[PDB]
There are 4 protein chains.
Amino acid sequence: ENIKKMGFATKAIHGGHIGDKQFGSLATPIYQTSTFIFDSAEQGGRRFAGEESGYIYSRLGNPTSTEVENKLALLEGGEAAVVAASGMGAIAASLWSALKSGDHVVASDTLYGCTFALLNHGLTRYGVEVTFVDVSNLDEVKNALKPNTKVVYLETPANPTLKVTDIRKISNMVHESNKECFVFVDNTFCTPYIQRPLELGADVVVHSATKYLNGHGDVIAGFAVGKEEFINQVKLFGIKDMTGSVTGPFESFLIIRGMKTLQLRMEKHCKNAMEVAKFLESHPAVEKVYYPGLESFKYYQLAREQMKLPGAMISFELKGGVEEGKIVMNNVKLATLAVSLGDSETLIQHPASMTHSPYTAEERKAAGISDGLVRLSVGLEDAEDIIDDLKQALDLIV
Amino acid sequence: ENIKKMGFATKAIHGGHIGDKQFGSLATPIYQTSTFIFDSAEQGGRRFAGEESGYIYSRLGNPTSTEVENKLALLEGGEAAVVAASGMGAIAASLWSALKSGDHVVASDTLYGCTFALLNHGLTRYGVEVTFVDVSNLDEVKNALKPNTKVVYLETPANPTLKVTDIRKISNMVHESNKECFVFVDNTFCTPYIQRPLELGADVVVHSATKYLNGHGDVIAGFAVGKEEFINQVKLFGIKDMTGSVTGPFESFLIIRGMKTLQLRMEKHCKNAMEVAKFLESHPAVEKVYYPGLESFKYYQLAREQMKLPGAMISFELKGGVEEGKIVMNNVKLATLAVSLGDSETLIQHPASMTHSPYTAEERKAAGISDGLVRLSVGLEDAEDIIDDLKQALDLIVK
Amino acid sequence: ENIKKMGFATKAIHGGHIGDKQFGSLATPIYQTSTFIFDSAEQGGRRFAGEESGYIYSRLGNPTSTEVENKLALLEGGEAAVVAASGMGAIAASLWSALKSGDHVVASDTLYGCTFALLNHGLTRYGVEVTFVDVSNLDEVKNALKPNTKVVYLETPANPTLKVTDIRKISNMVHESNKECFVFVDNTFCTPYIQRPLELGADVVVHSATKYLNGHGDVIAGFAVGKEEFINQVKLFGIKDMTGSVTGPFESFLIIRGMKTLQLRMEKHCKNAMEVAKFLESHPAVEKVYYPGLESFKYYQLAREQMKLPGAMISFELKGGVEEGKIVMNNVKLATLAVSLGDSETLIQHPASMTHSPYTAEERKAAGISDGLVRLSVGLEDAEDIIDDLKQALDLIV
Amino acid sequence: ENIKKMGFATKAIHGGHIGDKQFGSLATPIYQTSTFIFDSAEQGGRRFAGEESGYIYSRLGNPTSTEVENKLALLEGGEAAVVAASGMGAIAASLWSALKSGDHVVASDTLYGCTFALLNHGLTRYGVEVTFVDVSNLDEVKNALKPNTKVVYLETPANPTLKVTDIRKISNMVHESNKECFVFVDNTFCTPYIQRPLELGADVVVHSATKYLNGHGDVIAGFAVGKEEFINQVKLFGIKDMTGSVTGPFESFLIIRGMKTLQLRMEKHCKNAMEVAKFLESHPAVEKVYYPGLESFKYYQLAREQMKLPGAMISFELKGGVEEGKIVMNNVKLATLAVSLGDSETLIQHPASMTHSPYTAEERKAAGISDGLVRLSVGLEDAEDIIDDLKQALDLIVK
Ligand SMILES: *Cc1c(COP(=O)(O)O)cnc(C)c1O
Ligand SMILES: *Cc1c(COP(=O)(O)O)cnc(C)c1O
Ligand SMILES: *Cc1c(COP(=O)(O)O)cnc(C)c1O
Ligand SMILES: *Cc1c(COP(=O)(O)O)cnc(C)c1O
Ligand SMILES: [Cl-]
Ligand SMILES: [Cl-]
Ligand SMILES: [Cl-]
Ligand SMILES: [Cl-]
Ligand code: NA
Ligand code: NA
């Protein structure tokens, strides 16, 4: 099994799988254990010294987690991956390992709300300078770069607007002018099936596994993906010391299980979303549809440059404010009123009347997060059913 | 009911249990879910705006985790608790939530290794200043206090030799010297069954639930306990943003399950360890035994004031060095060669040839570790079997 | 949610889902509990009397299991379903509830090996008469029917030959002549996505959920599906008393999770199998391919009569005996040498050198289970990878 | 090691543990897998042909389940054991594996309800003949023996009133009267910590592990224990074909976890129940208490011969009837209204208004159930709290 030459599905299914060498179990065993047994004091000493392979203690590493790490690194085309007990855990642990007091970060002004809060209010308590910029005007990006800029943090498509960012072109410019700077890309919305930021110049990829990679709405987990040199530091410092964000081995087993169908779900998510997006664009209550697959969309061709599929997140604005948005939220029958995304169940959320949250009213005016903006996570249901349900709720405001 | 007034076991078994109101199931359901459903758009807005309690999303809170949080707070006598995905996660999230660049921490110079690394190499990287002190020398502690000291961090009994710290004296001291200073006490080795730092004047208690609280060697998890106001910031800042240290609902279920027998397990751990410590002190291969229950122990009296039982951790020094520790390790048959503790299986490590193998013999003497020190977590087995196994191993190094 | 009018995927995803009315959890909670609490002695007495709804004790019923039961009944078009701790558990419990000492069974002579053993050696220890017949010659079927025939048991397509059986036409004839007789159909190989035997005249459907319905090779479970009147007896007698085959609530949660992608997996299983079957039919080491989707296949048009898709099990005979079969089993690199079926991983098994098992050498001569017969469970991998691996192993015997 | 020679707790904790040979993990891995991989086509043929041990497919056997099977066999002193997906599953699979149409069973007339239903209404439907007897009257037992009697089925102590059966006398009798007869003893209420029927001459022991063996109210499971030769047929016939009663590897993991504290839990269950039984007998609302540890108990001496401890089940009759039982049930605040037993939470049921509500007052008198009988499973709470809660409930019916 020189797995790396094979298809995506084969890699998702068989990649990183070591095998139960003692009983021959087909399925990955759940090594639900806190600690590990040494055969000798010498073997222990050598595991602690780095001389020998093998396991010590589940905060430091666990066989079930190792497999899903190796599987995702393989899918992203990265040397190494670390799995964490949440997406924010993988992001924080990566940021802690890469930065120190006095370093500087350039971030996108359009981010997942808790990433913005981590950057805006968290890292800045601890001596890290942060500048939020429009990643669509590279001159703005290039002028934010200071001699001590260590991370450029980007998310594409961006939660909640689906704004797309030229990964190759920011990476090139940053790498030309700041040789010490990492380019981080949050690839949650895409998964490696749709977008592989490491092939476009990114140095570090982060995911909320809570979303598409697990895919079943029963796991909180994250990953960081990148060079072995740096991921090793994320494991031995960001996770071991700074965050203690240890994925439960049972949760790792569930991510492995969900990744068995990652190819099939992303294909179905996206075919559903494209039908839904076209419906929304033609409905009389809708003013603007935000979707990478619509030719009307501002970042359509940047999406076509980086994304195999337009994805399965849709945002749209109703004619009418928050009030018409609330009316739709409160009368869908198949769509589920919840945050998160990437589940079998279609999810709908209305930042304007709920999570407008970690941003101030002004700070999301800058990012383009209007009231009346609805965000839709298109599920795996039959598309006619999703559309019928959206249609009945939208007809209420016509 | 008056659950606060009941016995300890009644509290461990029944405390924090909200109940399954839809189907009445006896066991706490595993709410293995990432997200939650809102009844209206406005309900979700109220919950995100702090105007209303209720669930939103498991990184911010989960019903299974809430239950074990409520149960441990009740046992510690604290107002609130947060469970994290590891001991270090609960420690780091608490420290992050109380500190900022420009703050100062006073810490014991005798701590769990990874706690020490986080303090010495981690927080100092981010503008926090840390002074390490010998907590036995109260005058040396009061001297290290600065006006920006925001955390005094203690661990008692501590690694690797079970040094005990006078919780009430130092906190009484710290509190009248600086009104804004949190006193942290790591209470892993004791659990609330043996020691309750908050009633001794501590502000925040941290736990590695990986050890005795879960007690079954199948969970990595942590807790912090204290005032509702601070724990809310540990949840909404330290967990939500800074660490992402989210316990799996499954792991919280297992911790709940493990806590049903905490009273019973702590009693047996301590009964066994008292017998093992007596035997080790009388054995000819053994130079010194560190056990709070032995009247030879330097902090015997102070431990007898703070701890309901002398615990079940044991450190002892062999007459000998690395080669001696290696032989004992490589010949125990019931005890298990493994780091960690608080397990039903008796665990044993020899740091000089194992955990502290990478360091030099001199650096290991800077960490309190002789070449003959052995650390012992006494399990739930029959004491005669534990002792017999230790006896034949140690007899191999008697001259 | 009048769910029954919606698409298959929507039903698989949302069907049977009650909802967490206390905390609003999206995912089904795991009610991992032995017993349930009464609010009053009166409420207890009424639950035991049948007067009140609600739960008593997990052998009698469990909320997590109730949901996957209701979900599968909805997909099959049956009134009720019971989930069991194995496929054999659902089959035995159904058979125990329907039969008594002195009743008679007509069964197909081509069956899953342990079903044959249950019928041939198990029920006959306990006074049940059993006659094994060729379900392809209805005159043979009709002549086996005795006045005391109570079950006609059939499996289509049959493990291991994939022989197809006219469900509508046996059901009609049996129902005309033996008004007291149940028609059981094992629908494991198809799932309700491909075949709905209750719509063709069957009275009872059984599944090994261990295979496609769970789909992830980490669960042993079964179902019976049928009229409420009879399923209620299976629950209160077959499961409660005769087998004690109680699905663990955690396993039920895993089946629910696997059914979220049942539509997507069956589509992918079958498109893969059709490509593999055509490859096998053209390879010089292969003498005969057994696959419903091949026009060469004996039961092609009976398959087209009953099956939306030709399925994803393939059997084939090599030119050469067991010896060439073993050579292929021992040199595949991506296919996994294991029994079971319906997993993400392609599985290959060689009854001739392994499980030829519960049949005698003669009894499978009658059913058509030759040596040199290989059975293939086509997985979810990329088809080129599955075919490349089969090709290299088969080339060894050319 | 000489695990057979060690103490009980050492056996419960370490017994049957094969070990994770690939990674050395301390906890038993959850082998949550349906199927297994063969190294060659011929290896799979050897395993299906009984020529070779090893795994095939989880309905035939799973490594997590094997471990808990080995552990329980060791505790009972039996050769082998099979775990099933419920108590009834292990009972039914054993009975199926030993009987056939034309066989005869002698059973106690005082059994667990669903066991009785299976015997009286289930097996008789399939040509098996069943005679129910009073096992206290040895002459009535020997009289019901027939040449085709293949099972003598016992349960001691039994529902609902804790009748004790002389295991060694009846089995000694049965064995010299009929050489091919299996003696079954249901050992649920005791566990191997208290009673071991195989050393008293029984052939097969059955368990509902749902009760004390798991002990945490989150598993439905069963066991049968006995000679390797019979248990192999229970596995390869009774489980594989006749019942399909396959334990989830996850459930087996939980039973293993629960058994780490079995010794500790049985001690506390019994200490608490002895205090609860004394209090109940002295209480004015209580007519009679059925407890093996009370010298008033009809089978006190026989129980003292067979049982290491008097157990933790308690039946008692109220001075009163259905209306009295209802009031007590509807006013306990710590005890839980629920069927089942062997849980860390104290459980209580009043059969006349609850489990046996569907039957008439006369049929319930045919089942040993007065209108004032209450069944009590004493938990792991503090005894004062259990008693206080029972006291205020019972005081509501004192004249
Ligand atoms: C939800 C989300 C996260 C947060 O990850 P968690 O698993 O919730 O900690 C991070 N990035 C993006 C783009 C998200 O949508
Ligand atoms: C093991 C330990 C910790 C760390 O907890 P983890 O759960 O391993 O992250 C902290 N303090 C003490 C005393 C410990 O023993
Ligand atoms: C594997 C199989 C079964 C047996 O079900 P289990 O889940 O293994 O008990 C029954 N029917 C068919 C067609 C099978 O392939
Ligand atoms: C509960 C019980 C059983 C039945 O076991 P289940 O696991 O519920 O199927 C059998 N015998 C006794 C004594 C019991 O208490
Ligand atoms: Cl989100
Ligand atoms: Cl540790
Ligand atoms: Cl199979
Ligand atoms: Cl019961
Ligand atoms: Na989902
Ligand atoms: Na699979």
# chains A, B, ... in the order shown; residues from 1 in each chain; ligands from 1
call {"tool": "residues_near_ligand", "arguments": {"ligand": "ligand 3", "cutoff": "7 Å", "atoms": "only C-alpha atoms and all ligand atoms", "output": "JSON, numbers by chain"}}
result
{"C": [86, 87, 88, 89, 112, 114, 115, 155, 159, 186, 188, 189, 207, 208, 209, 210, 211, 220, 221, 222, 340], "D": [59, 244]}
call {"tool": "residues_around", "arguments": {"residues": "residue 311 (chain C)", "least_positions_apart": "5", "cutoff": "9 Å", "atoms": "only C-alpha atoms", "output": "PyMOL selection string"}}
result
chain C and resi 157+189-190+194+266-267+269-271+273-274+291-293
call {"tool": "residues_around", "arguments": {"residues": "residue 179 (chain A)", "least_positions_apart": "5", "cutoff": "10 Å", "atoms": "only C-alpha atoms", "output": "PyMOL selection string"}}
result
chain A and resi 147+149-150+174
call {"tool": "closest_atom_pairs", "arguments": {"of": "chain B", "to": "ligand 5", "cutoff": "12 Å", "atoms": "only C-alpha atoms and all ligand atoms", "output": "CSV"}}
result
residue,atom,partner,partner_atom_place_in_ligand_line,distance
B:34,CA,ligand 5,1 (Cl),10.3
B:35,CA,ligand 5,1 (Cl),9.3
B:36,CA,ligand 5,1 (Cl),11.6
B:56,CA,ligand 5,1 (Cl),10.8
B:57,CA,ligand 5,1 (Cl),9.0
B:58,CA,ligand 5,1 (Cl),11.4
B:59,CA,ligand 5,1 (Cl),10.9
call {"tool": "write_last_selection", "arguments": {"atoms": "C-alpha atoms", "output": "JSON list (two decimals), in the first residue's frame"}}
result
[["chain", "number", "residue", "atom", "x", "y", "z"],
["B", 34, "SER", "CA", -21.84, 19.10, 18.55],
["B", 35, "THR", "CA", -24.71, 21.58, 18.40],
["B", 36, "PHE", "CA", -28.10, 22.46, 19.83],
["B", 56, "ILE", "CA", -25.73, 26.55, 22.25],
["B", 57, "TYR", "CA", -22.73, 24.50, 21.16],
["B", 58, "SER", "CA", -20.55, 21.96, 22.92],
["B", 59, "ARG", "CA", -17.37, 24.06, 23.06]]
call {"tool": "closest_atom_pairs", "arguments": {"of": "chain D", "to": "chain A", "cutoff": "8 Å", "atoms": "only C-alpha atoms", "output": "Markdown table"}}
result
| residue | atom | partner | partner_atom | distance |
| --- | --- | --- | --- | --- |
| D:20 | CA | A:22 | CA | 7.7 |
| D:21 | CA | A:22 | CA | 6.4 |
| D:22 | CA | A:22 | CA | 6.5 |
| D:23 | CA | A:54 | CA | 6.6 |
| D:24 | CA | A:37 | CA | 5.0 |
| D:25 | CA | A:36 | CA | 4.3 |
| D:26 | CA | A:36 | CA | 5.2 |
| D:27 | CA | A:33 | CA | 5.0 |
| D:28 | CA | A:31 | CA | 7.6 |
| D:29 | CA | A:31 | CA | 4.8 |
| D:30 | CA | A:30 | CA | 5.0 |
| D:31 | CA | A:29 | CA | 4.8 |
| D:32 | CA | A:29 | CA | 6.2 |
| D:33 | CA | A:27 | CA | 5.0 |
| D:34 | CA | A:26 | CA | 7.5 |
| D:35 | CA | A:26 | CA | 5.9 |
| D:36 | CA | A:25 | CA | 4.5 |
| D:37 | CA | A:24 | CA | 4.9 |
| D:38 | CA | A:24 | CA | 7.0 |
| D:54 | CA | A:23 | CA | 7.5 |
| D:55 | CA | A:23 | CA | 6.7 |
| D:63 | CA | A:23 | CA | 7.5 |
call {"tool": "select_by_dssp", "arguments": {"residues": "region 77-142 of chain A", "states": "helix (DSSP H, G or I)", "output": "PyMOL selection string"}}
result
chain A and resi 87-98+113-126+138-142
call {"tool": "write_last_selection", "arguments": {"atoms": "N, CA and C atoms", "output": "short mmCIF file (atom, residue, chain, number, x, y, z; two decimals), in the first residue's frame"}}
result
data_model
loop_
_atom_site.label_atom_id
_atom_site.label_comp_id
_atom_site.auth_asym_id
_atom_site.auth_seq_id
_atom_site.Cartn_x
_atom_site.Cartn_y
_atom_site.Cartn_z
N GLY A 87 -11.71 22.70 17.05
CA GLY A 87 -11.06 23.54 16.05
C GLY A 87 -10.29 24.70 16.68
N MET A 88 -10.91 25.39 17.65
CA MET A 88 -10.22 26.46 18.37
C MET A 88 -8.99 25.94 19.09
N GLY A 89 -9.03 24.68 19.54
CA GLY A 89 -7.86 24.09 20.17
C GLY A 89 -6.71 23.93 19.20
N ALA A 90 -7.00 23.49 17.97
CA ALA A 90 -5.95 23.35 16.97
C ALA A 90 -5.43 24.72 16.53
N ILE A 91 -6.32 25.71 16.43
CA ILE A 91 -5.91 27.06 16.05
C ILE A 91 -5.08 27.70 17.15
N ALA A 92 -5.58 27.68 18.39
CA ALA A 92 -4.81 28.25 19.50
C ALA A 92 -3.45 27.55 19.66
N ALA A 93 -3.44 26.22 19.72
CA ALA A 93 -2.18 25.51 19.91
C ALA A 93 -1.18 25.83 18.81
N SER A 94 -1.66 26.00 17.57
CA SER A 94 -0.76 26.37 16.46
C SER A 94 -0.24 27.79 16.62
N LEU A 95 -1.12 28.70 16.95
CA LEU A 95 -0.75 30.05 17.19
C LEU A 95 0.20 30.22 18.38
N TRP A 96 -0.04 29.48 19.46
CA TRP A 96 0.86 29.52 20.62
C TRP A 96 2.24 29.01 20.25
N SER A 97 2.31 27.95 19.45
CA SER A 97 3.60 27.37 19.10
C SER A 97 4.37 28.26 18.14
N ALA A 98 3.68 29.05 17.32
CA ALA A 98 4.36 29.85 16.31
C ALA A 98 4.76 31.24 16.78
N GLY A 113 -16.26 33.86 14.28
CA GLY A 113 -16.36 34.86 15.33
C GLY A 113 -15.39 34.62 16.48
N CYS A 114 -15.19 33.36 16.85
CA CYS A 114 -14.30 33.05 17.96
C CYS A 114 -12.83 33.12 17.57
N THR A 115 -12.51 32.95 16.29
CA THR A 115 -11.15 33.20 15.82
C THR A 115 -10.84 34.69 15.89
N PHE A 116 -11.78 35.52 15.45
CA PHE A 116 -11.62 36.95 15.61
C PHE A 116 -11.40 37.31 17.07
N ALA A 117 -12.19 36.73 17.97
CA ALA A 117 -12.07 37.05 19.39
C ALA A 117 -10.73 36.58 19.95
N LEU A 118 -10.31 35.37 19.59
CA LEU A 118 -8.99 34.91 20.00
C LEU A 118 -7.92 35.90 19.56
N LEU A 119 -7.96 36.31 18.29
CA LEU A 119 -6.96 37.23 17.76
C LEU A 119 -7.12 38.63 18.34
N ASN A 120 -8.35 39.14 18.35
CA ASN A 120 -8.56 40.54 18.74
C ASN A 120 -8.35 40.74 20.23
N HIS A 121 -8.85 39.83 21.05
CA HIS A 121 -8.86 40.01 22.49
C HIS A 121 -7.97 39.04 23.25
N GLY A 122 -7.52 37.96 22.63
CA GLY A 122 -6.79 36.95 23.38
C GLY A 122 -5.29 37.08 23.24
N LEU A 123 -4.80 36.98 22.01
CA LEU A 123 -3.38 37.13 21.75
C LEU A 123 -2.87 38.51 22.15
N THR A 124 -3.72 39.54 22.05
CA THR A 124 -3.28 40.88 22.39
C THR A 124 -3.13 41.09 23.89
N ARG A 125 -3.80 40.29 24.74
CA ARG A 125 -3.51 40.31 26.18
C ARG A 125 -2.10 39.86 26.51
N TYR A 126 -1.42 39.22 25.57
CA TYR A 126 -0.20 38.48 25.86
C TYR A 126 0.95 38.96 25.00
N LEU A 138 -4.51 43.41 -1.79
CA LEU A 138 -3.17 42.99 -1.38
C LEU A 138 -2.29 44.16 -0.98
N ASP A 139 -2.58 45.36 -1.49
CA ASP A 139 -1.81 46.52 -1.08
C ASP A 139 -2.05 46.82 0.39
N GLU A 140 -3.29 46.66 0.83
CA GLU A 140 -3.62 46.74 2.25
C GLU A 140 -2.91 45.64 3.03
N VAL A 141 -2.90 44.42 2.48
CA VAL A 141 -2.20 43.30 3.10
C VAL A 141 -0.71 43.57 3.18
N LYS A 142 -0.11 43.98 2.05
CA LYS A 142 1.32 44.20 2.02
C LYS A 142 1.75 45.36 2.92
#
call {"tool": "closest_atom_pairs", "arguments": {"of": "chain B", "to": "chain D", "cutoff": "9 Å", "atoms": "only C-alpha atoms", "output": "JSON lines"}}
result
{"residue": "B:1", "atom": "CA", "partner": "D:333", "partner_atom": "CA", "distance": 7.0}
{"residue": "B:6", "atom": "CA", "partner": "D:385", "partner_atom": "CA", "distance": 6.4}
{"residue": "B:7", "atom": "CA", "partner": "D:382", "partner_atom": "CA", "distance": 5.7}
{"residue": "B:8", "atom": "CA", "partner": "D:382", "partner_atom": "CA", "distance": 7.3}
{"residue": "B:9", "atom": "CA", "partner": "D:381", "partner_atom": "CA", "distance": 5.1}
{"residue": "B:10", "atom": "CA", "partner": "D:381", "partner_atom": "CA", "distance": 4.4}
{"residue": "B:11", "atom": "CA", "partner": "D:381", "partner_atom": "CA", "distance": 8.1}
{"residue": "B:12", "atom": "CA", "partner": "D:381", "partner_atom": "CA", "distance": 8.5}
{"residue": "B:13", "atom": "CA", "partner": "D:381", "partner_atom": "CA", "distance": 7.0}
{"residue": "B:14", "atom": "CA", "partner": "D:345", "partner_atom": "CA", "distance": 7.8}
{"residue": "B:26", "atom": "CA", "partner": "D:217", "partner_atom": "CA", "distance": 7.1}
{"residue": "B:27", "atom": "CA", "partner": "D:217", "partner_atom": "CA", "distance": 6.1}
{"residue": "B:28", "atom": "CA", "partner": "D:218", "partner_atom": "CA", "distance": 8.8}
{"residue": "B:216", "atom": "CA", "partner": "D:257", "partner_atom": "CA", "distance": 6.9}
{"residue": "B:217", "atom": "CA", "partner": "D:27", "partner_atom": "CA", "distance": 6.1}
{"residue": "B:218", "atom": "CA", "partner": "D:27", "partner_atom": "CA", "distance": 6.1}
{"residue": "B:257", "atom": "CA", "partner": "D:216", "partner_atom": "CA", "distance": 6.9}
{"residue": "B:258", "atom": "CA", "partner": "D:258", "partner_atom": "CA", "distance": 8.8}
{"residue": "B:260", "atom": "CA", "partner": "D:344", "partner_atom": "CA", "distance": 6.6}
{"residue": "B:261", "atom": "CA", "partner": "D:265", "partner_atom": "CA", "distance": 7.6}
{"residue": "B:264", "atom": "CA", "partner": "D:264", "partner_atom": "CA", "distance": 6.3}
{"residue": "B:265", "atom": "CA", "partner": "D:264", "partner_atom": "CA", "distance": 7.4}
{"residue": "B:268", "atom": "CA", "partner": "D:264", "partner_atom": "CA", "distance": 7.8}
{"residue": "B:333", "atom": "CA", "partner": "D:1", "partner_atom": "CA", "distance": 7.0}
{"residue": "B:334", "atom": "CA", "partner": "D:1", "partner_atom": "CA", "distance": 8.1}
{"residue": "B:336", "atom": "CA", "partner": "D:26", "partner_atom": "CA", "distance": 8.6}
{"residue": "B:338", "atom": "CA", "partner": "D:26", "partner_atom": "CA", "distance": 8.3}
{"residue": "B:344", "atom": "CA", "partner": "D:260", "partner_atom": "CA", "distance": 6.6}
{"residue": "B:345", "atom": "CA", "partner": "D:13", "partner_atom": "CA", "distance": 7.0}
{"residue": "B:380", "atom": "CA", "partner": "D:9", "partner_atom": "CA", "distance": 7.0}
{"residue": "B:381", "atom": "CA", "partner": "D:10", "partner_atom": "CA", "distance": 4.4}
{"residue": "B:382", "atom": "CA", "partner": "D:7", "partner_atom": "CA", "distance": 5.7}
{"residue": "B:383", "atom": "CA", "partner": "D:7", "partner_atom": "CA", "distance": 8.7}
{"residue": "B:384", "atom": "CA", "partner": "D:7", "partner_atom": "CA", "distance": 8.0}
{"residue": "B:385", "atom": "CA", "partner": "D:6", "partner_atom": "CA", "distance": 6.4}
{"residue": "B:386", "atom": "CA", "partner": "D:10", "partner_atom": "CA", "distance": 8.7}
call {"tool": "closest_residue", "arguments": {"among": "C:321, C:379, C:201, C:351", "to": "chain A", "atoms": "only C-alpha atoms"}}
result
C:379
call {"tool": "interface_residues", "arguments": {"of": "chain C", "to": "chain A", "cutoff": "9 Å", "atoms": "only C-alpha atoms", "output": "PyMOL selection string"}}
result
chain C and resi 1+6-14+26-28+216-218+257-258+260-261+264-265+268+333-334+336+338+344-345+380-386
call {"tool": "write_last_selection", "arguments": {"atoms": "C-alpha atoms", "output": "PDB file, in the first residue's frame"}}
result
ATOM      1  CA  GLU C   1     -42.693  16.772   9.316  1.00  0.00           C
ATOM      2  CA  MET C   6     -40.359  12.963   1.334  1.00  0.00           C
ATOM      3  CA  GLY C   7     -37.265  11.650  -0.394  1.00  0.00           C
ATOM      4  CA  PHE C   8     -35.332   8.584   0.690  1.00  0.00           C
ATOM      5  CA  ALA C   9     -32.326  10.584   1.960  1.00  0.00           C
ATOM      6  CA  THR C  10     -34.533  12.919   4.009  1.00  0.00           C
ATOM      7  CA  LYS C  11     -36.280   9.903   5.540  1.00  0.00           C
ATOM      8  CA  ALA C  12     -32.976   8.177   6.269  1.00  0.00           C
ATOM      9  CA  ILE C  13     -31.686  11.352   7.922  1.00  0.00           C
ATOM     10  CA  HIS C  14     -34.716  12.681   9.772  1.00  0.00           C
ATOM     11  CA  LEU C  26     -29.167  17.964  17.250  1.00  0.00           C
ATOM     12  CA  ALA C  27     -27.687  14.460  17.495  1.00  0.00           C
ATOM     13  CA  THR C  28     -29.661  11.574  18.995  1.00  0.00           C
ATOM     14  CA  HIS C 216     -18.928   0.867   8.862  1.00  0.00           C
ATOM     15  CA  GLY C 217     -17.876  -2.560  10.141  1.00  0.00           C
ATOM     16  CA  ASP C 218     -18.080  -1.639  13.835  1.00  0.00           C
ATOM     17  CA  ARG C 257     -25.176   7.486  12.246  1.00  0.00           C
ATOM     18  CA  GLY C 258     -24.401   5.024   9.447  1.00  0.00           C
ATOM     19  CA  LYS C 260     -27.269   9.155   7.505  1.00  0.00           C
ATOM     20  CA  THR C 261     -25.258   8.156   4.398  1.00  0.00           C
ATOM     21  CA  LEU C 264     -24.821   7.814  -0.845  1.00  0.00           C
ATOM     22  CA  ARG C 265     -23.029   4.583   0.060  1.00  0.00           C
ATOM     23  CA  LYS C 268     -21.277   4.346  -4.634  1.00  0.00           C
ATOM     24  CA  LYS C 333      -3.208  -5.760  -1.468  1.00  0.00           C
ATOM     25  CA  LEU C 334      -6.221  -3.407  -1.205  1.00  0.00           C
ATOM     26  CA  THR C 336      -9.202  -7.247   2.661  1.00  0.00           C
ATOM     27  CA  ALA C 338     -12.353 -11.218   5.717  1.00  0.00           C
ATOM     28  CA  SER C 344     -16.251   0.975   3.230  1.00  0.00           C
ATOM     29  CA  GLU C 345     -13.341  -1.421   2.701  1.00  0.00           C
ATOM     30  CA  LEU C 380     -16.352   2.575  -1.350  1.00  0.00           C
ATOM     31  CA  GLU C 381     -12.808   2.996  -2.712  1.00  0.00           C
ATOM     32  CA  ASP C 382     -12.028   4.461  -6.123  1.00  0.00           C
ATOM     33  CA  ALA C 383     -12.884   1.820  -8.699  1.00  0.00           C
ATOM     34  CA  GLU C 384      -9.536   2.009 -10.540  1.00  0.00           C
ATOM     35  CA  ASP C 385      -7.768   1.104  -7.308  1.00  0.00           C
ATOM     36  CA  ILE C 386     -10.064  -1.868  -6.612  1.00  0.00           C
TER      37      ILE C 386
END
call {"tool": "closest_residue", "arguments": {"among": "D:352, D:347, D:391, D:50", "to": "ligand 8", "atoms": "only C-alpha atoms and all ligand atoms"}}
result
D:347
call {"tool": "residues_around", "arguments": {"residues": "residue 66 (chain C)", "least_positions_apart": "2", "cutoff": "9 Å", "atoms": "only C-alpha atoms", "output": "list in words"}}
result
residues 16, 61, 62, 63, 64, 68, 69, 70, 71, 81, 82, 83 and 252 of chain C
call {"tool": "residues_around", "arguments": {"residues": "region 42-53 of chain A", "least_positions_apart": "2", "cutoff": "7 Å", "atoms": "only C-alpha atoms", "output": "ChimeraX atom specification"}}
result
/A:38-40 /B:353-355,357-358
